[PDB]
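# show me how the following folds:
(2 chains, ligands or ions: 1)
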Amino acid sequence: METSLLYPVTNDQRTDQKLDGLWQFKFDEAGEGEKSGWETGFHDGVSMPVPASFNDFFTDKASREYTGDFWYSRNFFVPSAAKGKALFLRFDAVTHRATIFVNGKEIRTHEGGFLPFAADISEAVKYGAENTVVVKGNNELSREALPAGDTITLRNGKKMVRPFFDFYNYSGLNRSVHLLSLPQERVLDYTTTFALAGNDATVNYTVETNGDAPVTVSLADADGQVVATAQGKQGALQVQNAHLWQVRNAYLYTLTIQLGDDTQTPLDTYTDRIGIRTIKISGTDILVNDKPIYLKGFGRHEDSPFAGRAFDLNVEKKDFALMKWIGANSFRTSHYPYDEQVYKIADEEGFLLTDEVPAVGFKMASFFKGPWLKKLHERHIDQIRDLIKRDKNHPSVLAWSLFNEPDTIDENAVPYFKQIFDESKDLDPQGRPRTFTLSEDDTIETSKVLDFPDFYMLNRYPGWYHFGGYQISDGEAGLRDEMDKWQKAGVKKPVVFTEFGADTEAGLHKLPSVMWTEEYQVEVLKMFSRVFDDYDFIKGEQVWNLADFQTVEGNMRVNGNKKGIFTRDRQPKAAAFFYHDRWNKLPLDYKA
Amino acid sequence: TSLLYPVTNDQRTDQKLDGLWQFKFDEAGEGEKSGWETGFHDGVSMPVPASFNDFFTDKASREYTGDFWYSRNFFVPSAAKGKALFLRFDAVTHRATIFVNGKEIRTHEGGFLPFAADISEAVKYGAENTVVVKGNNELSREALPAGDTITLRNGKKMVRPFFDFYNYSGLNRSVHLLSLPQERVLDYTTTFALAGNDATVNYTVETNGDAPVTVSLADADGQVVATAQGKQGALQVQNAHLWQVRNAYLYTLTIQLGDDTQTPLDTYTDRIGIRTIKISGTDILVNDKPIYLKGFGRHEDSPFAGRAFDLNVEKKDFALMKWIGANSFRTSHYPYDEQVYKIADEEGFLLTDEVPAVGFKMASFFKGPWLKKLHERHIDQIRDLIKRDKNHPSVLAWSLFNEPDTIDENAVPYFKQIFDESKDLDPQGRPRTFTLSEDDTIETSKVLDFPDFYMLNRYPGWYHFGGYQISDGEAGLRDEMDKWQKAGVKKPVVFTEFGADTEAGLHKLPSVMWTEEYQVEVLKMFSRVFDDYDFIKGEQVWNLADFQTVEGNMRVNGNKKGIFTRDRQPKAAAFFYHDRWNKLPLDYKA
Ligand SMILES: [Cl-]
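Numbering: from 1, shown residues only, chains lettered A, B, ... in the order given. Shown next is the structure:
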């Protein structure tokens, strides 16, 4: 029930100072952190950068694999000019679980390590003095929290995780920490939808505030020129001769919201950039601004060698440099909400994102049978609400993914899907498509939930998990056989392939190819391309993965996952040049 | 005296002595004073054929320089009493003395051409006998290939070559025990002419007696199509199947000694291809049509045998060269095992046969007292090479130096002499040439009148104008190509080295030197240049596969300029040539 997830801005009514830097850090295996006073703060631990996953900074494995309570400590200054304002610490992500103490006093908890949350500390600090913030984070996985997984205990006592997902359990203060001072009466939320008529457009907005003061809304273009204004919390901004936002061709207008009448100084100002564009599913078409498009891309994680799962602006800007070069125009934020700065860059660069909530693991290799479904569901729907509230105004969000590879064959999955889909059908004012990925075991013959998603996202791995090597010929025929069945039943919704590919160890070559070589990656991708091109209802290809990424140790995991088109260092495998050639030859309206 | 390859029939036997010999180093030079020439069994087992270097875990052995000893027992059949008995050594790198049953039979200089020892009177027919080989692998400016031997401050001897490849040494090729007739074929020659659909093989036969000679040619199905009598003669082949590039057809030649009445005294058989080679101004003509050369760039180098011939690697190297569209290669920088040419003959490849005249330059050379003995051994190894490989249809040209220092005006007497003393050795009179290094250019080279066609070694984008400078390196190469064109070049030009070290697995966007992408970028550049000039009639890239090399800070475990890895898998540049070369016809530029 987060009152507001607006991204921090700086103006005369709102301040935002980052608390990033080095913190004190201590493990707590015994769980006696609070018994012995760590919540008042400490400086007898190890320095830990923020934001950063804490796991890879340690040379010993038990610390890399640590599972339990852990503590971050820091001092921060509160200016005396802040007295009277609404004061918040905004945590952009604490994986997975956090209790926040300021000066020894408990402020709040939070569940879910991938969305932001703020702590009202207005009453917990001395103004004009140094205060202390302590974070008691937790790490464990259970089937009652997203991402789904288990926590086991080695015979020697140490806890460790057995995830139901691929990626590594990178943990800790994974994203920035802000100190905010906001007006007492302020903007909490706003919403935008768009309509196009001829060369003109209309933004339809609403604004939520914690009070009754008047609301002025003003829309300015790229050069600061005001082009529409309106009064009140509902309204319609008329933009004549609009500059539409276009795939791989962004145009962003600045939106400005202010509280007060013209006898006041503005009691609050908020500011955000939005793109004027519309998204419709029509038949099997995905329409952006009423012309069909064809998705090309990935397939991503937030993973980097030094930050773990933490947001790094350098790695993010290179991922976009690469993705623009290679011809992509879309990617899915698998398998969890990304740092907010990523959606701002997709807006700036004209990319189409599939925003995913962290519901991986709904799949035991009897899931929906059990009793952890009650608590799991609360957290799932709550994480879906907060995700849609945070990112709804980004032009680059195209669709919401509400599961990843859930067990759709279990008939008991249908009551759960009915509930999730019912409870979310109206969260997004733009009413974009809501979907999920179907795993390989989940086909037109075996899935029970094919009626729900607004378009289809298939995860197919012929040539890797099935029909590998010289059997690849049988795998293509068996995929063509499935795609034949969709066609017969007459798919009325678009189909998008969202995973496929091949683990590839850069530098491994063979002629002829063998699984794991660079040549085999290309043969596999060429094979998929031949299938995609032979069916009109296939409307996009998102390969797995963009880069190689870290993973839980295992005998099938050559240090992480290696399915990337690029290495973890962000350099290209042979498959990168394949797609660089294919994707820059496919137009935006491919198949139409 | 005879370098014919061994064959098996009723007059001639041939049995390999390959396998595990005994082996000992002789750093002191006491082996003969110690009685080792009588054979020994107190050393280490060593495969033959194979270089001995890579079988030792200590660097002192791997790098050993000096006298080393091989010893083996072998059985001489009773049935062989009365024939000419021979130990034939296919290659002993670089120097050998041969002992049988402790008796010194013969010595040999040069480590890449075969020699035979007559052991007819040194054996006990019907029992075991001993063969011991005393080898040496020192280098000096008086032997090919050229280099120096130094002593370290700790006494140990170490080689410092004037060439790139590693000093792989020992019994690098098979050892045969031969049984030959007392009167036998020693040599033969072939030359060809064409006329319509008919051809003429012009042969001669060298013998060590006066018995009559009888030559017959049969086609691939065994049908006889021409006979002749006499030590000189001409076989008339009606409606001949010509030997074509990447399209071989081989006739079987059979030489037989003795008149129509006696038991046959000797039989010798070989496989030849009917085809002609002419340099017509600026074209290379095979069967009177112009060709365009594409290929490598090779070494005899494999992980486990070293320099030694390994038939598995050779058939694999050939499988790859056909896959990639190539049709030629140069046996840099020394004659190869004789099997390489027979496969070349069966696969219709064109070979440039190179004598180990490498390292004739320092970092001058033709201004030293070593030339006199160097030249002795040089023109002798030229004679042995042409005598051995004459009759192969697949040998296109002879290469008499690799990267000699032709800038000094003193190279000119020596070239003059080498080129006069080889003038009339090859009966087919194929073109004689050599490679010009980066420093030897139209502006600076003093031996440009000698070669029959020009072989160019250029490394823009690697040893000069690397990295972002590559564009200035391309411009300089076209500069030099403009000056050749200005100088009115009348002989053909073939690029025979160019390329870039590449560590398989190193990727960068944009590229940096040593990555797979940069190599493709460099090879594309050279291609752009080659295609804008008509006198350029061939591209032989360096190198086919990563090969081993002396240790140095620029050698990342050997040379890495190879299109394929030392294990013979492709780098990205493999697929660039696979695309390009399989689209250039055999008559590109005509
Ligand atoms: Cl206070």
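
# show me what from chain A comes close to the ion.
Where proximity means CB under 5 Å from the ion, the interface of chain A facing the ion comprises A:126-127. In this view, the C-beta of every residue, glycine as well, is placed from N, C-alpha and C.

# near chain B, which residues of chain A show up?
Proximity of chain A to chain B, by CB under 8 Å from any CB of the partner chain, involves residues A:322, A:325, A:506-511, A:519, A:567, A:571-574, A:576.

# narrow these to those in strands?
Mapping the residues of chain A next to chain B onto strands (DSSP state E) picks out no residues; all lie outside.

# who's in contact with the spatially most central residue of chain A?
If you average the C-alpha coordinates of chain A and look for the closest C-alpha using CA atoms, centre = their mean, you land on residue A:337, 2.1 Å from that point. Residue A:337 makes contact with A:114-115, A:355-358, A:387, A:390-391, according to CB atoms under 8 Å, 6 or more residues apart in numbering or on different chains.

# and the residues you listed as TSV, adding distance to residue A:410, secondary structure and neighbour count?
TSV is the format used below for the contacts of residue A:337 (distance: CB to CB, whole Å; DSSP: H, G, I helix; E, B strand; the rest coil; neighbours: other CB atoms under 10 Å in any protein chain shown):
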residue	distance to residue A:410	secondary structure	neighbour count
A:114	26	coil	27
A:115	28	coil	27
A:355	26	strand	25
A:356	21	strand	25
A:357	20	coil	30
A:358	20	coil	26
A:387	25	helix	28
A:390	31	helix	21
A:391	30	helix	22
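
# ok, so of those residues, who is nearest residue A:242?
Among those, residue A:391 lies closest to residue A:242 (CB to CB), at 22.7 Å.

# isn't that closest one up against residue A:397?
Yes: judged on CB atoms under 8 Å, residue A:391 makes contact with residue A:397 at a distance of 5.2 Å.

# spit out the residues that contact those two alike.
Counting by CB under 8 Å, 6+ apart, the common neighbours of residue A:391 and residue A:397 are A:343, A:355.

# where do the helices sit along the stretch 1-150 of chain A?
With helices called from DSSP state H, counting those that start in this stretch, the stretch 1-150 of chain A shows them at A:61-64.

# kindly apply the preceding question to chain A instead.
With DSSP state H applied, chain A shows helices at A:61-64, A:313-326, A:340-349, A:373-391, A:413-424, A:472-489, A:518-533, A:574-583, listed in chain order.

# and stretch A:351-368, how far apart are its ends?
The first and final residues of stretch A:351-368 sit 35 Å from each other (CA to CA, to the nearest Å).

# same thing with stretch A:271-284?
Start and end residues of stretch A:271-284 are separated by 36 Å (CA to CA).

# quick one: distance of that stretch to the chain centre.
Here the centre of stretch A:271-284 is set off from its chain's centre by 18 Å, with CA atoms, centre = their mean, to the nearest Å.

# likewise stretch A:273-291?
With CA atoms, centre = their mean as the basis, the mean position of stretch A:273-291 lies at 21 Å from the chain mean.

# and stretch A:203-219, by the same measure?
Computed by CA atoms, centre = their mean, the chain-centroid distance of stretch A:203-219 equals 27 Å.

# again, but for stretch A:246-256
Taking CA atoms, centre = their mean, the mean C-alpha location of stretch A:246-256 is offset from the chain mean by 21 Å.

# so what touches that stretch?
Stretch A:246-256 is contacted from outside by A:190, A:192, A:203, A:205, A:217-222, A:224, A:227, A:239, A:243-245, A:269-277, A:288-289, A:293, A:324, A:329, A:347-352, A:395, A:588, using CB under 8 Å, 6+ apart.

# strands - which of the residues you listed land there?
Assigned to strands by DSSP E, the following of these qualify: A:190, A:192, A:203, A:205, A:217-220, A:227, A:239, A:269-274, A:288, A:352.

# for the residue lying closest to residue A:519 once chain neighbours are set aside, give me its contacts.
Leaving aside its chain neighbours, residue A:519 sits nearest to residue A:513 (3.9 Å; criterion: CB to CB, 6 or more residues apart in numbering or on different chains). Neighbouring residues of residue A:513 by CB under 8 Å, 6+ apart: A:519-520, A:523.

# which residue ranges make up each domain of chain A?
A:1-183, A:184-278, A:279-592 (curated CATH domains).

# what's the span of the last one, first residue to last?
Right, domain A:279-592. From the first residue to the last, domain A:279-592 extends over 17 Å; the measure is CA to CA.

# again, but for the first one
With CA to CA as the measure, the first residue of domain A:1-183 is 21 Å from its last.

# what about the residue nearest to residue A:273 when sequence neighbours are not counted, how many residues nearby?
Closest residue to residue A:273 apart from its sequence neighbours, by CB to CB, 6+ apart: residue A:252 at 4.3 Å. Neighbours of residue A:252 under the rule other CB atoms under 10 Å in any protein chain shown: 19.

# would you mind measuring from residue A:252 to residue A:246?
Between residue A:252 and residue A:246 the distance, using CB to CB, to the nearest Å, works out to 11 Å.

# swap in residue A:124?
Using CB to CB, we find residue A:124 at a distance of 47 Å from residue A:246.

# now stretch A:237-256: buried residues?
The neighbour-count check on stretch A:237-256 (16 or more other CB atoms under 10 Å in any protein chain shown) flags A:237, A:239, A:242-247, A:250-253, A:255-256 as buried.

# now chain A against chain B: closest residue?
As assessed by CB to the nearest CB, chain B sits closest to residue A:507 within chain A, at 2.1 Å.

# excluding sequence neighbours, find me the nearest residue to that residue.
The spatially closest residue to residue A:507, leaving aside those adjacent along the chain, is residue B:505, at 2.1 Å (CB to CB, 6+ apart).
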